[PDB]
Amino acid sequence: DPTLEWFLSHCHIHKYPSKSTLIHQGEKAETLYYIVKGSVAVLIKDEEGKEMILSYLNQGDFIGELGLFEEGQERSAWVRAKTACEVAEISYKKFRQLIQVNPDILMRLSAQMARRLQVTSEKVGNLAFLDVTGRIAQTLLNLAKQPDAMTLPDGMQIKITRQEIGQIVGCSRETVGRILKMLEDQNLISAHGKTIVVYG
């Protein structure tokens, strides 16, 4: 792809092991990142430091974009490598140069920002309006329609744990496991420890 190849030619790319923290909330934002390979979680915390997963991001996703457009912003969340990752980086200052050369690279970034706003808005509604079963059900549907979901003969395979679902919907891992058992009994899913199949 020529636009993304040109862009990456102006970055420097680095390897990070699984569980590396790429971005820390509250740091000064001066750098944009782009996932060449691997997956990350975007995390926020409560007052006791307890984590919740705000999003997962994958190969082809920009990260660290939110301070690009205004001076002196701070990182809004933590970003942690869930797998080993290969991440391109570029300063905000150089990226702003690229945008004046070819605004298509800003369109590619902004498209992802717009998607994230859509997804995060929907999460506000799920948290505001739905009971725990309904939040879990939506979370499974959403994971199943991700590009990384694998098609099986009986449905979509997703890679997630009860603790991760809990950290998405705001309940305990035990509560998630009870609800997954209900959804299994209803013949809607098959739930293992690290994998769930959503039947279809």
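Numbering starts at 1 and follows the sequence shown.
The mean Cα B-factor in the deposited entry runs higher for 144-152 than for the other of 59-67 and 144-152.
Relative to its counterpart among 90-98 and 111-119, 90-98 has the higher mean temperature factor, C-alpha atoms as listed in the PDB entry. Per the deposited record, the Cα B-factor of residue 13 falls in the highest third when ranked against the other modelled residues of its chain. Among the modelled residues of its chain, residue 165 has a C-alpha B-factor that falls in the lowest third according to the deposited record. Annotation for residue 172: CA B-factor lies in the middle third of the chain's modelled residues. In the PDB entry, residue 139 places in the lowest third of its chain by CA B-factor. When the modelled residues of the chain are ordered by C-alpha B-factor, residue 133 sits in the middle third.
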